[PDB]
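Below is one structure, written out as C-alpha coordinates; the observations come after it.
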There are 2 protein chains.
Amino acid sequence: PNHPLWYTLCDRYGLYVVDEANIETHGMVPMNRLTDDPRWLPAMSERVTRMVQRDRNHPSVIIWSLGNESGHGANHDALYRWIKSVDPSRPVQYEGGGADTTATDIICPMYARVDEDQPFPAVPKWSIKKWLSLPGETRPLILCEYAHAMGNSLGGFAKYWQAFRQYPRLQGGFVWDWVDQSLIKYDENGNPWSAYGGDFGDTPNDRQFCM
Amino acid sequence: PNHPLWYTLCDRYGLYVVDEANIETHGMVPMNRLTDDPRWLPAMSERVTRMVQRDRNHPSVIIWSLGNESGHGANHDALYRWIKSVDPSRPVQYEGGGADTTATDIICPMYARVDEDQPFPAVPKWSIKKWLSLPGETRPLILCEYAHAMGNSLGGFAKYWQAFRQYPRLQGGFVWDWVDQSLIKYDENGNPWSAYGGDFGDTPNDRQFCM
Ligand code: NA
Ligand code: NA
Ligand code: NA
Ligand code: NA
(Lines of atoms letter the chains of each structure in order from A and count residues from 1; the text may use other names and numbers.)
(Lines give C-alpha, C1' and ligand atoms only; values in the text may rest on other atoms or scores of the structure.)
(Ligands and ions follow the chains in the order given, each with its own letter.)
Protein backbone atom coordinates (compact mmCIF):
# COMPACT_ATOMS: atom_id res chain seq x y z
CA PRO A 1 0.00 0.00 0.00
CA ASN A 2 1.19 3.49 -0.88
CA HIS A 3 1.30 6.75 1.03
CA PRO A 4 -2.38 7.81 1.45
CA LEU A 5 -1.98 10.92 -0.73
CA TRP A 6 -1.14 8.77 -3.78
CA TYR A 7 -4.73 7.49 -4.14
CA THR A 8 -6.18 10.98 -3.77
CA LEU A 9 -3.91 12.18 -6.57
CA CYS A 10 -4.85 9.20 -8.78
CA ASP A 11 -8.57 9.87 -8.04
CA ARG A 12 -8.20 13.51 -9.13
CA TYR A 13 -5.67 13.33 -12.01
CA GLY A 14 -7.14 10.07 -13.34
CA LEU A 15 -5.08 6.88 -13.22
CA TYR A 16 -6.29 3.31 -12.69
CA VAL A 17 -4.65 1.78 -9.61
CA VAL A 18 -3.88 -1.77 -8.58
CA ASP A 19 -3.62 -1.64 -4.78
CA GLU A 20 -1.29 -4.38 -3.54
CA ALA A 21 -0.97 -5.98 -0.09
CA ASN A 22 2.44 -5.72 1.61
CA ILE A 23 3.21 -9.44 1.26
CA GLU A 24 6.27 -10.76 -0.54
CA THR A 25 8.11 -13.95 0.48
CA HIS A 26 10.30 -14.34 -2.63
CA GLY A 27 13.36 -15.69 -0.77
CA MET A 28 11.54 -18.68 0.72
CA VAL A 29 12.19 -22.17 -0.66
CA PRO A 30 9.81 -23.06 -2.10
CA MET A 31 8.22 -19.64 -2.60
CA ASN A 32 4.96 -20.63 -0.86
CA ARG A 33 6.53 -22.06 2.33
CA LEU A 34 4.90 -19.36 4.50
CA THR A 35 1.80 -18.63 2.39
CA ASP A 36 0.69 -22.29 2.48
CA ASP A 37 1.22 -22.45 6.28
CA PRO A 38 -1.91 -21.77 8.38
CA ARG A 39 0.29 -20.38 11.18
CA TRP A 40 1.12 -17.41 8.91
CA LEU A 41 -2.52 -16.82 7.90
CA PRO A 42 -3.15 -14.29 10.73
CA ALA A 43 -0.14 -12.11 9.76
CA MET A 44 -1.05 -12.32 6.07
CA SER A 45 -4.74 -11.60 6.71
CA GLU A 46 -3.99 -8.25 8.44
CA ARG A 47 -1.86 -7.10 5.49
CA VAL A 48 -4.76 -7.79 3.12
CA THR A 49 -7.73 -6.84 5.34
CA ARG A 50 -6.28 -3.58 6.69
CA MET A 51 -5.42 -2.46 3.14
CA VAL A 52 -9.01 -3.04 1.96
CA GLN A 53 -10.40 -1.27 5.06
CA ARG A 54 -8.20 1.78 4.33
CA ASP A 55 -8.49 2.14 0.56
CA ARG A 56 -11.91 0.77 -0.47
CA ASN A 57 -13.53 4.20 -1.00
CA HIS A 58 -10.96 5.39 -3.58
CA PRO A 59 -12.39 5.31 -7.13
CA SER A 60 -8.87 5.09 -8.66
CA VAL A 61 -8.41 1.65 -7.07
CA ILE A 62 -10.03 -0.73 -9.57
CA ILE A 63 -8.20 -3.99 -8.73
CA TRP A 64 -6.99 -5.54 -5.47
CA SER A 65 -3.76 -7.57 -5.44
CA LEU A 66 -2.86 -10.16 -2.78
CA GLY A 67 0.83 -9.26 -2.89
CA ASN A 68 3.79 -10.37 -4.97
CA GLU A 69 6.11 -13.36 -5.51
CA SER A 70 4.95 -15.49 -2.58
CA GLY A 71 4.12 -18.62 -4.60
CA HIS A 72 0.56 -19.91 -4.26
CA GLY A 73 -0.63 -21.07 -0.85
CA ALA A 74 -3.97 -21.89 0.78
CA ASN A 75 -3.70 -18.54 2.59
CA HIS A 76 -4.04 -16.83 -0.82
CA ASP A 77 -7.27 -18.71 -1.60
CA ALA A 78 -8.71 -17.80 1.82
CA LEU A 79 -7.88 -14.11 1.42
CA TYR A 80 -9.02 -14.02 -2.22
CA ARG A 81 -12.42 -15.20 -0.96
CA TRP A 82 -12.41 -12.73 1.94
CA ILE A 83 -11.99 -9.80 -0.47
CA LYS A 84 -14.68 -11.12 -2.85
CA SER A 85 -17.09 -11.36 0.10
CA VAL A 86 -16.35 -7.94 1.59
CA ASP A 87 -15.91 -5.99 -1.66
CA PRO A 88 -17.60 -7.44 -4.76
CA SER A 89 -17.00 -4.17 -6.68
CA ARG A 90 -13.37 -4.90 -7.66
CA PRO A 91 -11.57 -7.85 -9.30
CA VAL A 92 -8.83 -9.56 -7.27
CA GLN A 93 -5.56 -10.51 -8.93
CA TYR A 94 -2.43 -12.36 -7.88
CA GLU A 95 0.49 -13.57 -10.03
CA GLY A 96 2.12 -16.09 -7.68
CA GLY A 97 2.21 -19.81 -8.41
CA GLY A 98 1.82 -19.53 -12.19
CA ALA A 99 -0.31 -16.39 -12.73
CA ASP A 100 -3.57 -18.27 -13.47
CA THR A 101 -4.34 -19.92 -10.11
CA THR A 102 -7.67 -20.08 -8.25
CA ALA A 103 -6.57 -16.91 -6.40
CA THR A 104 -6.81 -14.56 -9.40
CA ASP A 105 -9.66 -13.13 -11.53
CA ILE A 106 -7.15 -11.97 -14.16
CA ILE A 107 -4.36 -13.96 -15.83
CA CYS A 108 -1.56 -11.69 -14.68
CA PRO A 109 1.85 -13.07 -15.62
CA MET A 110 5.19 -11.32 -15.27
CA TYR A 111 7.47 -11.26 -18.33
CA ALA A 112 5.43 -13.71 -20.41
CA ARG A 113 6.47 -13.08 -24.03
CA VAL A 114 4.20 -12.27 -26.98
CA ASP A 115 4.85 -15.27 -29.26
CA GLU A 116 7.50 -17.34 -27.43
CA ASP A 117 6.60 -19.94 -24.76
CA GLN A 118 8.81 -20.42 -21.70
CA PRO A 119 7.66 -23.83 -20.50
CA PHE A 120 9.18 -23.78 -16.99
CA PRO A 121 8.17 -26.72 -14.77
CA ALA A 122 5.07 -26.01 -12.61
CA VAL A 123 4.96 -22.29 -13.45
CA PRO A 124 5.31 -21.93 -17.25
CA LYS A 125 5.20 -18.52 -18.88
CA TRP A 126 3.14 -19.21 -22.00
CA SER A 127 3.03 -16.87 -24.97
CA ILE A 128 0.30 -14.43 -23.90
CA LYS A 129 -1.63 -15.12 -27.13
CA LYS A 130 -1.50 -18.86 -26.41
CA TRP A 131 -2.31 -18.45 -22.70
CA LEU A 132 -5.73 -16.93 -23.46
CA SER A 133 -6.99 -19.97 -25.34
CA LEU A 134 -5.65 -22.82 -23.19
CA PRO A 135 -8.40 -25.47 -22.73
CA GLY A 136 -11.08 -24.12 -20.38
CA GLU A 137 -9.46 -20.68 -19.99
CA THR A 138 -11.81 -17.67 -20.15
CA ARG A 139 -10.19 -14.87 -18.10
CA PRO A 140 -8.69 -11.58 -19.32
CA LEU A 141 -4.90 -11.30 -19.43
CA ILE A 142 -3.09 -8.21 -18.12
CA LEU A 143 0.64 -8.55 -17.39
CA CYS A 144 1.42 -7.45 -13.85
CA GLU A 145 5.02 -6.90 -15.08
CA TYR A 146 6.44 -6.77 -18.63
CA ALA A 147 9.10 -5.01 -20.73
CA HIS A 148 11.85 -4.93 -18.09
CA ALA A 149 13.33 -1.44 -18.54
CA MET A 150 16.80 -2.14 -17.14
CA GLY A 151 19.44 0.11 -18.71
CA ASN A 152 19.38 0.15 -22.50
CA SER A 153 16.11 -1.75 -22.86
CA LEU A 154 12.49 -1.90 -24.12
CA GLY A 155 13.51 -3.81 -27.24
CA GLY A 156 10.42 -5.47 -28.71
CA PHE A 157 7.98 -3.15 -26.91
CA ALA A 158 6.00 -2.64 -30.15
CA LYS A 159 5.36 -6.40 -30.33
CA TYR A 160 3.37 -6.26 -27.06
CA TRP A 161 1.28 -3.30 -28.23
CA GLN A 162 0.44 -4.88 -31.60
CA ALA A 163 -0.81 -7.95 -29.68
CA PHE A 164 -2.74 -5.89 -27.10
CA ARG A 165 -4.57 -4.10 -29.93
CA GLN A 166 -5.35 -7.23 -31.98
CA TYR A 167 -6.58 -9.49 -29.14
CA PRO A 168 -9.68 -8.34 -27.21
CA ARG A 169 -8.73 -10.36 -24.09
CA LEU A 170 -5.13 -9.09 -24.05
CA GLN A 171 -5.91 -5.95 -22.09
CA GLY A 172 -2.40 -4.54 -21.61
CA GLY A 173 0.08 -4.60 -18.76
CA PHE A 174 2.27 -2.75 -16.30
CA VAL A 175 5.83 -1.93 -17.41
CA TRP A 176 8.64 -2.78 -14.98
CA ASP A 177 9.22 -0.14 -13.88
CA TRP A 178 8.84 3.62 -13.40
CA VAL A 179 11.97 4.90 -11.66
CA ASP A 180 15.57 3.68 -11.12
CA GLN A 181 16.19 2.88 -7.45
CA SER A 182 19.58 4.59 -7.39
CA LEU A 183 20.78 6.50 -4.33
CA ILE A 184 22.98 9.61 -4.12
CA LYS A 185 26.49 9.31 -2.70
CA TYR A 186 29.19 12.00 -2.54
CA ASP A 187 32.84 11.76 -3.65
CA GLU A 188 35.90 13.43 -2.06
CA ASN A 189 35.10 16.79 -3.67
CA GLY A 190 31.46 16.70 -2.50
CA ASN A 191 30.16 15.98 -6.01
CA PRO A 192 27.09 13.70 -6.09
CA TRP A 193 26.93 10.37 -7.92
CA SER A 194 24.30 7.67 -8.49
CA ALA A 195 24.92 4.55 -6.41
CA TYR A 196 23.49 1.03 -6.61
CA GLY A 197 23.74 -2.28 -4.72
CA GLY A 198 27.07 -2.79 -2.95
CA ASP A 199 28.03 0.90 -2.91
CA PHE A 200 27.23 1.19 0.81
CA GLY A 201 29.28 -1.85 1.82
CA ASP A 202 26.05 -3.90 1.71
CA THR A 203 26.80 -7.59 1.12
CA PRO A 204 25.46 -9.82 -0.27
CA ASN A 205 23.88 -7.43 -2.80
CA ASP A 206 22.41 -7.49 -6.30
CA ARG A 207 24.38 -4.60 -7.83
CA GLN A 208 22.62 -2.67 -10.64
CA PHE A 209 19.40 -4.75 -10.53
CA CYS A 210 17.75 -2.01 -8.44
CA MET A 211 17.81 0.23 -11.54
CA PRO B 1 -21.57 -38.27 -49.32
CA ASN B 2 -19.04 -40.43 -51.14
CA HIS B 3 -19.20 -43.74 -53.00
CA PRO B 4 -19.95 -46.34 -50.27
CA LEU B 5 -16.60 -48.14 -50.75
CA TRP B 6 -14.71 -45.00 -49.68
CA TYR B 7 -15.80 -45.39 -46.04
CA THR B 8 -14.88 -49.10 -45.97
CA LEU B 9 -11.38 -48.24 -47.21
CA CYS B 10 -11.02 -45.43 -44.63
CA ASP B 11 -12.20 -47.88 -41.93
CA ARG B 12 -9.60 -50.46 -42.96
CA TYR B 13 -6.58 -48.31 -43.92
CA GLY B 14 -7.21 -45.78 -41.14
CA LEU B 15 -8.27 -42.24 -42.01
CA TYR B 16 -10.55 -39.94 -40.04
CA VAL B 17 -13.52 -38.86 -42.15
CA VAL B 18 -15.76 -35.81 -42.18
CA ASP B 19 -18.97 -36.99 -43.85
CA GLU B 20 -20.78 -34.07 -45.44
CA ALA B 21 -24.37 -33.62 -46.63
CA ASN B 22 -24.93 -32.84 -50.32
CA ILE B 23 -26.09 -29.25 -49.69
CA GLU B 24 -24.40 -26.25 -51.28
CA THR B 25 -26.26 -23.09 -52.32
CA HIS B 26 -23.20 -20.85 -52.88
CA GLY B 27 -24.68 -18.92 -55.84
CA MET B 28 -27.77 -17.72 -53.95
CA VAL B 29 -28.03 -14.04 -52.96
CA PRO B 30 -27.67 -13.83 -50.01
CA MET B 31 -26.06 -17.26 -49.50
CA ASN B 32 -28.73 -18.39 -46.99
CA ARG B 33 -31.80 -17.52 -49.14
CA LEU B 34 -32.84 -21.18 -49.40
CA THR B 35 -31.42 -22.49 -46.10
CA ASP B 36 -33.38 -19.94 -44.06
CA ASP B 37 -36.58 -20.81 -45.96
CA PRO B 38 -38.83 -23.41 -44.24
CA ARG B 39 -40.18 -24.50 -47.64
CA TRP B 40 -36.71 -25.90 -48.39
CA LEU B 41 -36.37 -27.61 -45.00
CA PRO B 42 -37.82 -30.93 -46.28
CA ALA B 43 -35.35 -31.16 -49.20
CA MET B 44 -32.42 -30.24 -46.95
CA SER B 45 -33.59 -32.64 -44.24
CA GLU B 46 -33.50 -35.62 -46.63
CA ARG B 47 -29.92 -34.80 -47.66
CA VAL B 48 -28.81 -34.80 -44.00
CA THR B 49 -30.94 -37.59 -42.53
CA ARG B 50 -30.37 -40.12 -45.32
CA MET B 51 -26.61 -39.58 -45.04
CA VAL B 52 -26.63 -40.32 -41.29
CA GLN B 53 -28.90 -43.36 -41.83
CA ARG B 54 -26.45 -44.75 -44.41
CA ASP B 55 -23.06 -44.02 -42.82
CA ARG B 56 -23.52 -44.04 -39.03
CA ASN B 57 -21.93 -47.48 -38.51
CA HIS B 58 -18.58 -46.53 -40.10
CA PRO B 59 -15.84 -46.00 -37.48
CA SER B 60 -13.86 -43.82 -39.93
CA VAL B 61 -16.64 -41.19 -39.85
CA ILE B 62 -15.82 -39.09 -36.79
CA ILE B 63 -17.59 -35.80 -37.65
CA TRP B 64 -20.81 -34.95 -39.52
CA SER B 65 -20.99 -31.84 -41.70
CA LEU B 66 -24.22 -30.03 -42.65
CA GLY B 67 -22.88 -29.21 -46.13
CA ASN B 68 -20.90 -26.29 -47.53
CA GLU B 69 -21.25 -22.60 -48.42
CA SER B 70 -25.00 -22.22 -47.91
CA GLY B 71 -24.85 -19.31 -45.44
CA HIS B 72 -26.43 -19.86 -42.05
CA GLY B 73 -30.16 -20.53 -41.98
CA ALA B 74 -32.70 -21.79 -39.44
CA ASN B 75 -32.80 -25.06 -41.39
CA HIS B 76 -29.14 -25.60 -40.37
CA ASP B 77 -30.01 -25.16 -36.69
CA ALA B 78 -32.90 -27.65 -36.97
CA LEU B 79 -30.75 -30.25 -38.72
CA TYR B 80 -27.79 -29.69 -36.39
CA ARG B 81 -30.10 -30.62 -33.49
CA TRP B 82 -31.57 -33.61 -35.36
CA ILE B 83 -28.10 -35.17 -35.75
CA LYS B 84 -27.16 -34.42 -32.12
CA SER B 85 -30.39 -36.15 -31.07
CA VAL B 86 -30.09 -39.31 -33.24
CA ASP B 87 -26.31 -39.74 -32.98
CA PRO B 88 -24.62 -38.30 -29.87
CA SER B 89 -21.43 -40.23 -30.79
CA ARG B 90 -20.09 -37.65 -33.29
CA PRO B 91 -19.61 -33.85 -33.29
CA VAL B 92 -21.43 -31.83 -35.95
CA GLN B 93 -19.68 -29.08 -37.89
CA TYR B 94 -20.66 -26.48 -40.47
CA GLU B 95 -18.70 -23.45 -41.80
CA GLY B 96 -21.50 -21.34 -43.30
CA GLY B 97 -22.44 -17.95 -41.87
CA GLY B 98 -19.06 -17.16 -40.34
CA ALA B 99 -17.63 -20.55 -39.23
CA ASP B 100 -18.63 -20.17 -35.56
CA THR B 101 -22.45 -20.21 -35.59
CA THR B 102 -24.86 -22.11 -33.32
CA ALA B 103 -24.89 -24.89 -35.98
CA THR B 104 -21.30 -26.03 -35.35
CA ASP B 105 -19.45 -27.79 -32.49
CA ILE B 106 -16.11 -26.85 -34.09
CA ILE B 107 -14.88 -23.44 -35.27
CA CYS B 108 -14.25 -24.51 -38.86
CA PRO B 109 -13.22 -21.54 -41.02
CA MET B 110 -12.03 -21.69 -44.60
CA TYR B 111 -8.80 -19.84 -45.46
CA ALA B 112 -8.50 -18.00 -42.16
CA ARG B 113 -4.85 -16.94 -41.85
CA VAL B 114 -2.47 -17.69 -38.99
CA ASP B 115 -1.68 -14.16 -37.80
CA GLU B 116 -3.60 -11.84 -40.16
CA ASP B 117 -7.26 -10.87 -39.59
CA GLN B 118 -9.58 -10.47 -42.60
CA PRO B 119 -12.43 -8.47 -41.04
CA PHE B 120 -15.14 -8.93 -43.69
CA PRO B 121 -18.56 -7.52 -42.71
CA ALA B 122 -20.91 -10.08 -41.09
CA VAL B 123 -18.56 -13.02 -41.72
CA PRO B 124 -15.02 -12.01 -40.68
CA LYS B 125 -12.14 -14.47 -41.05
CA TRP B 126 -10.14 -13.86 -37.88
CA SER B 127 -6.55 -14.96 -37.39
CA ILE B 128 -6.94 -18.53 -36.11
CA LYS B 129 -4.86 -17.76 -33.00
CA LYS B 130 -7.08 -14.74 -32.25
CA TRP B 131 -10.30 -16.62 -33.08
CA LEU B 132 -9.80 -19.15 -30.27
CA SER B 133 -9.72 -16.49 -27.57
CA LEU B 134 -12.53 -14.17 -28.68
CA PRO B 135 -14.69 -13.27 -25.65
CA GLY B 136 -16.79 -16.26 -24.57
CA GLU B 137 -15.32 -18.66 -27.15
CA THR B 138 -14.37 -22.18 -25.99
CA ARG B 139 -14.63 -24.50 -29.02
CA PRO B 140 -11.78 -26.28 -30.84
CA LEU B 141 -10.74 -24.84 -34.22
CA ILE B 142 -10.08 -27.05 -37.24
CA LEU B 143 -9.99 -25.36 -40.65
CA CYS B 144 -12.44 -27.04 -43.02
CA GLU B 145 -10.32 -25.59 -45.87
CA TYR B 146 -6.84 -24.03 -45.79
CA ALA B 147 -3.64 -23.67 -47.85
CA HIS B 148 -5.22 -23.36 -51.30
CA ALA B 149 -2.98 -25.56 -53.49
CA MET B 150 -3.73 -23.92 -56.84
CA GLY B 151 -0.75 -24.17 -59.18
CA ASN B 152 2.57 -23.10 -57.68
CA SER B 153 1.33 -22.74 -54.11
CA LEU B 154 1.44 -23.80 -50.41
CA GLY B 155 3.63 -20.82 -49.52
CA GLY B 156 3.35 -20.28 -45.77
CA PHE B 157 2.30 -23.89 -45.05
CA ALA B 158 4.89 -24.16 -42.24
CA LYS B 159 3.29 -21.18 -40.45
CA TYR B 160 0.04 -23.14 -40.03
CA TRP B 161 1.81 -26.18 -38.65
CA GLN B 162 3.87 -24.16 -36.17
CA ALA B 163 0.59 -22.68 -34.86
CA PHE B 164 -1.15 -26.08 -34.82
CA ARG B 165 1.64 -27.52 -32.66
CA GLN B 166 1.86 -24.57 -30.26
CA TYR B 167 -1.87 -24.06 -29.55
CA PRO B 168 -3.75 -26.98 -27.97
CA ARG B 169 -7.13 -25.84 -29.39
CA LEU B 170 -5.78 -25.41 -32.92
CA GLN B 171 -6.32 -29.02 -33.95
CA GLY B 172 -5.32 -28.76 -37.60
CA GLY B 173 -7.25 -28.56 -40.83
CA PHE B 174 -8.08 -29.92 -44.27
CA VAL B 175 -5.92 -28.72 -47.17
CA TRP B 176 -7.77 -27.52 -50.28
CA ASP B 177 -7.45 -29.87 -52.01
CA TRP B 178 -6.33 -33.38 -53.02
CA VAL B 179 -6.54 -33.64 -56.82
CA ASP B 180 -6.71 -31.21 -59.79
CA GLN B 181 -10.12 -31.38 -61.47
CA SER B 182 -8.61 -31.35 -64.95
CA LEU B 183 -10.20 -33.39 -67.75
CA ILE B 184 -8.54 -35.13 -70.71
CA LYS B 185 -9.16 -33.81 -74.23
CA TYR B 186 -7.58 -34.90 -77.53
CA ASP B 187 -5.99 -32.66 -80.17
CA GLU B 188 -6.22 -33.06 -83.97
CA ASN B 189 -3.38 -35.62 -83.81
CA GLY B 190 -5.19 -37.65 -81.12
CA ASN B 191 -2.77 -36.70 -78.34
CA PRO B 192 -4.24 -36.18 -74.86
CA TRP B 193 -4.05 -32.87 -73.00
CA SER B 194 -5.30 -31.56 -69.63
CA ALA B 195 -8.29 -29.23 -69.94
CA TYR B 196 -9.97 -26.83 -67.54
CA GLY B 197 -12.96 -24.44 -67.40
CA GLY B 198 -14.04 -23.15 -70.81
CA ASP B 199 -12.24 -25.84 -72.84
CA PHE B 200 -15.55 -27.58 -73.70
CA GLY B 201 -17.36 -24.47 -74.98
CA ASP B 202 -18.75 -24.09 -71.45
CA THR B 203 -19.66 -20.46 -70.72
CA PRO B 204 -19.69 -18.79 -68.31
CA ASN B 205 -16.84 -20.70 -66.68
CA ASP B 206 -14.18 -20.21 -64.04
CA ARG B 207 -11.19 -21.31 -66.12
CA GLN B 208 -8.32 -22.87 -64.13
CA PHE B 209 -10.00 -22.54 -60.70
CA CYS B 210 -10.98 -26.23 -60.92
CA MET B 211 -7.29 -27.16 -60.47
NA1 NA C 1 -6.92 -6.01 -26.30
NA1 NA D 1 14.95 -5.03 -9.82
NA1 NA E 1 -2.90 -28.01 -31.43
NA1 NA F 1 -11.80 -24.47 -57.03
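The numbering of chain A matches Swiss-Prot: 394-604, in order.
The deposited model was determined using X-ray crystallography, 1.9 Å.
Placement of Cβ uses the backbone N, Cα and C atoms for every residue, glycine included.
Now, the feature entries from Swiss-Prot:
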BINDING   A:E417, A:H419, A:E462  Mg(2+) 1 binding site
ACT_SITE  A:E462  active site, proton donor
ACT_SITE  A:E538  active site, nucleophile
BINDING   A:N598  Mg(2+) 2 binding site
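Positions of Swiss-Prot features highlighted on the structure.
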residue: A:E417; record: Mg(2+) 1 binding site; Cβ contacts under 8 Å, 6 or more apart: A:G460, A:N461, A:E462, A:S463
residue: A:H419; record: Mg(2+) 1 binding site; Cβ contacts under 8 Å, 6 or more apart: A:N461, A:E462, A:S463
residue: A:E538; record: active site, nucleophile; Cβ contacts under 8 Å, 6 or more apart: A:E488, A:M503, A:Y504, A:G566, A:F567, A:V568, A:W569, A:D570
residue: A:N598; record: Mg(2+) 2 binding site; Cβ contacts under 8 Å, 6 or more apart: A:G590, A:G591
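Sequence-ordered, the extra residues of this chain that approach the Mg(2+) 1 site, with Cβ no more than 8 Å from the Cβ center of A:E417, A:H419, A:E462, are A:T418, A:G420, A:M424, A:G460, A:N461, A:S463, A:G489. In the three-state DSSP scheme, A:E538 (active site, nucleophile) falls into the strand class. Around the Cβ of A:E462 (Mg(2+) 1 binding site), a 10 Å sphere holds 16 further Cβ atoms from the protein chains shown. DSSP classifies A:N598 (Mg(2+) 2 binding site) as coil under the three-state reduction. Secondary structure from DSSP puts A:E417 (Mg(2+) 1 binding site) in coil.
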